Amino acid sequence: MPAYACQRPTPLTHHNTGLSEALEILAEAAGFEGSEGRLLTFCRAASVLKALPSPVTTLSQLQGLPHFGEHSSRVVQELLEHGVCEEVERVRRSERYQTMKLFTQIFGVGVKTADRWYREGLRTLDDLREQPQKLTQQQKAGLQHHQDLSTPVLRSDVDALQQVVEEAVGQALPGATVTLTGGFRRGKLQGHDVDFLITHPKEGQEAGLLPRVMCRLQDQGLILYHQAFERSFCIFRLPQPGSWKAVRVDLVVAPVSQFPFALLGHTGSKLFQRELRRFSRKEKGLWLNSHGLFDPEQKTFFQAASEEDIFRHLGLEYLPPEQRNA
């Protein structure tokens, strides 16, 4: 079991779901309390269990597994012995956890904003609606559409949205392409949004593209909210039987030279990308982001034609998106 999540395949479904969910509760709570380090350890330990080939049944099976020390091992032991971990249950039913979860799940509300509102005494969505002077326009949008945005996006929803994005993209710049990324590219059957990556085969033609896309979508009445730019975090109007629902849609534009890096960077998982960037820097001395891969000694960028190129650059076995579910 290698130490970095990018060094091992992680399927979407696995053999330790209950154990990983418990550890991810503690990771989420650690983040709510400002401890990025503890969040990462608990996320990594959870991901190790996702990568195992069969269920953990005994504590001895944790020996030698990376990122399992006293705390994470204690959590797993209690779950194996009693089917429940007291620390996890205490977090679950704590007012702090439940409110930070409710608040951060809002589009436009992060941990720092949620924490301040918590300290000010706010607890519910109606508490926020009852004081709208304190909200940004983005947060007003996230709060107005909160109910729809709390409904899982389905794979059927994805196909319809890609068609309308392609239509708008085709008018905005003929020959431009739309690639599904994010969790649905990793094989998820549901999601909190739909993520797309847009490019054009002739380097440079993608410049200025996204404003032209957004203006056309807005003209077709399909944009319930959006902000030169190359990323947009929007809320789309998605038709439904006799009605419609709001759906979060992310659009990213990249030049074709950077497309492999942007595809890798936006396909995830979030933990997979963090681990891959950490691996690249700490083990290989290379700086990775969604634009490229930089050698800070030679002051050069690696040219990649594919995700396969990037894995090979970093000396890692290639992992298809479906195996990046760290």
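The first residue of the sequence shown is number 1, and the count goes up from there.
Coordinates are given for every residue of the deposited sequence from residue 243 through residue 244, so that no gap is recorded there. Higher mean CA temperature factor, per the PDB entry, when comparing 183-191 with 131-139: 131-139. In this entry, 66-74 shows the higher mean Cα temperature factor of the pair 66-74 and 259-267.
Among 54, 289, 47, 300, the highest C-alpha B-factor in the deposited entry belongs to 300. The residue among 177, 220, 205, 150 whose C-alpha carries the highest B-factor in the deposited model is 220.
Annotation for residue 294: C-alpha temperature factor in the middle third relative to the rest of the modelled chain, per the entry. Split the chain's modelled residues into thirds by C-alpha temperature factor. Residue 118 is in the highest one. Ranked against the other modelled residues of its chain, the C-alpha B-factor of residue 199 as given in the entry falls in the lowest third. Annotation for residue 33: CA B-factor lies in the highest third of the chain's modelled residues. Residue-level temperature factors show residue 155 in the highest third of its chain, judged at the C-alpha atom.
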